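Just the one chain here, the form deposited in one PDB entry, laid out as structure tokens.
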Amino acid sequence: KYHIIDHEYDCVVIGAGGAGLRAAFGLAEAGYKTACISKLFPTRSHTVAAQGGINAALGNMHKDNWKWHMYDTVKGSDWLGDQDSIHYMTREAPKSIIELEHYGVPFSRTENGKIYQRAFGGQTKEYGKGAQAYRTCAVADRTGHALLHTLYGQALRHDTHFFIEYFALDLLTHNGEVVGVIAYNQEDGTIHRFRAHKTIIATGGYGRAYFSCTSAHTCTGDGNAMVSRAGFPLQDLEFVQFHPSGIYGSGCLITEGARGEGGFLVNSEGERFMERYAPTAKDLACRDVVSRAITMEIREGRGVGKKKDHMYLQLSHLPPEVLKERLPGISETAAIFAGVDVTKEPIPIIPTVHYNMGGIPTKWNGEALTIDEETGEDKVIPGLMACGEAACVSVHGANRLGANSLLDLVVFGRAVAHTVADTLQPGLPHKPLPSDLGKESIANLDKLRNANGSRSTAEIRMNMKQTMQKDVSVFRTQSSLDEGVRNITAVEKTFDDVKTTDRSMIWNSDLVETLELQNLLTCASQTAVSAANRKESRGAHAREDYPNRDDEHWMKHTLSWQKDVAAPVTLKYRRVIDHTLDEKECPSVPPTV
């Protein structure tokens, strides 16, 4: 019916974000034939919208030890982070941001020619017993913006074969191992079969399953659904992060550094949130403490705003010098979607979904994981790796610190390129496979193209979005979560009669939005069922009927299988890793309160 074009490469990379670009010229420099398949232009991703920093223990504001930066990562993760991946990201943090400035990232500078560092929340020096430290190492408020525009320019220096604006449908499998992807070109409508030796998935997180999120429009779950459709598990899908600050109604994000250098949470009464109802005796805690502080404030009676669901963040106390040098792009993005300035009156604040710490279960060195169904022990998948936000190395665990996820892309996108060069020899004939490889992904494209039903694809997308905002939220119990797995199952049985009105193939932006919906229902129906099977409360997952952290029974990640939509989800568990790489360099920390 169609015509399929065949390619042959050593490694293919899905995604041109901050992690798929760093993994692209890490392999093209070492002498491979890489192909970075992307859906958007590379400097249009979601990592262009980051106004934070990239943590590094450089120590140019004061003294600093890396091992201090390890302690704030594992303590703020509620001891679910794998401490052999906390040890590798934090130790290779000063080596990887000095190298990031040799590429041409324009950093903010200090009085002697060194990189400027400021303070975020969660990070303190002297092993968690001391003052707040400055390890953020940032451009002013274009840190994610100046990260893509430099990593994309350095990927033009080495020969990286970009395939811009391709939608990657599925993966090609042959007896438990993968051999490449099958992509759909949007510009002329041809299906492409990329054969590879190793494939790398860096497709970002899913935020558009929820109603109001800070994610992009294209920030659906597209690599987490390509993996679970092949029969491989997804890990820790119940831990989603709710940001404390986001614009009411739409969902735009004001920066985490707004409360960094001077920031007051202001209720209806106008008092700083230090005590007396919600918080602990320190302002600017992690985003599970201060986000559970806000959502319980408007519920008990302190109703600021118009419909008693609102918050204020004070910014008139700061000098006007700070509001133009250290953060100018927040002065403009609050006066448009809200219509209020940042120097005299406080801007609206609503907690919305920010980050997703679930994804492909991955070793510290980039290789993906699965488990053997009889012994319950780990086993790698041959030929598949992952990096970025679509990978759960559990360097974040149950609560991600501020500015630690831009270090995930640079460090663990670089470690992917080192464990291929020490594992594969450049250029080696590919196996002869059948002529109908990737045939079930063509008939699934040919089913949704000729759709003739009742419900449109923007009507099922609203039933999924409002269900997961009601049940799977900041406060959940096992009487709304049992309903939330029951309402997300009644939605997925109505995807079988979807309706599509555009039967073309050149830029079918109606076939793509119903393929980004099939991808999102698979990652939504596993977040609902795997959150209703965690009878404890740690990190960003709080239960009002089991409010105590259970460090003896529930020190384990979950593993969710689902083959297609409207298929039953099963769960299995794997033990966390609590020993570091070298116990003589640093000791493993013990779990405290």
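Definition used throughout: the rigid core is the maximal C-alpha set that superposes within 1.5 Å between two forms. The first residue of the shown sequence is 1; numbering continues from there.
Heads up, the form deposited in another entry isn't pictured, but that's what we're talking about next.
- For the set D283, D502, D378, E165, a Cα shift of at least 2 angstroms between the shown form and the other one, after rigid core superposition, holds for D283 and for no other residue.
- Shown here is a form in which the CA atoms of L315 and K282 lie at least 3 Å farther apart than they do in the other entry.
- Compared with the form shown, the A278-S480 C-alpha separation increases in the other entry, the change being 3 Å or greater.
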